[PDB]
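Enquirer:
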Amino acid sequence: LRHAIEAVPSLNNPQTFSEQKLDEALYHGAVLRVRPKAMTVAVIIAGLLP
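Quick note, PDB author numbering runs 947 ahead of the 1-based positions in the sequence shown.
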């Protein structure tokens, strides 16, 4: 999420009342990159269920 918010959106906030592109950065890191977290959780639970 931090890499996401770091790449693009460090330019629009200096202009006050700018939150539209701040949410797109969270979308880019929080839900586009959701395969790694799901994979980690799945393997963690699967290596313990037995």
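The beta carbon of each residue, even a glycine, is placed where N, CA and C say it ideally should be.
Mind checking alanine 972: buried by the 16 CB within 10 Å criterion, or exposed?
Expert: Locating residue 972 in the sequence shown gives position 25, where the first residue counts as 1. Buried: at least 16 other Cβ atoms inside 10 Å.
Enquirer: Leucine 973 by DSSP, collapsed to three states: which one?
Expert: Counting from one through the sequence shown, the residue named residue 973 turns up at place 26. Correct three-state label for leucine 973: helix.
Enquirer: By Cβ distance, which residues of its chain are closer than 8 Å to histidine 950, with the 5 residues on each side in sequence left out?
Expert: For the purposes of this step, residue 950 is taken as the residue at position 3 of the sequence shown. Counting only Cβ-Cβ distances below 8 Å, and skipping sequence neighbours, we find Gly976.
Enquirer: For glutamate 953, does the three-state DSSP call read helix, strand or coil?
Expert: Translated into positions along the sequence shown, residue 953 becomes position 6. Helix, per DSSP.
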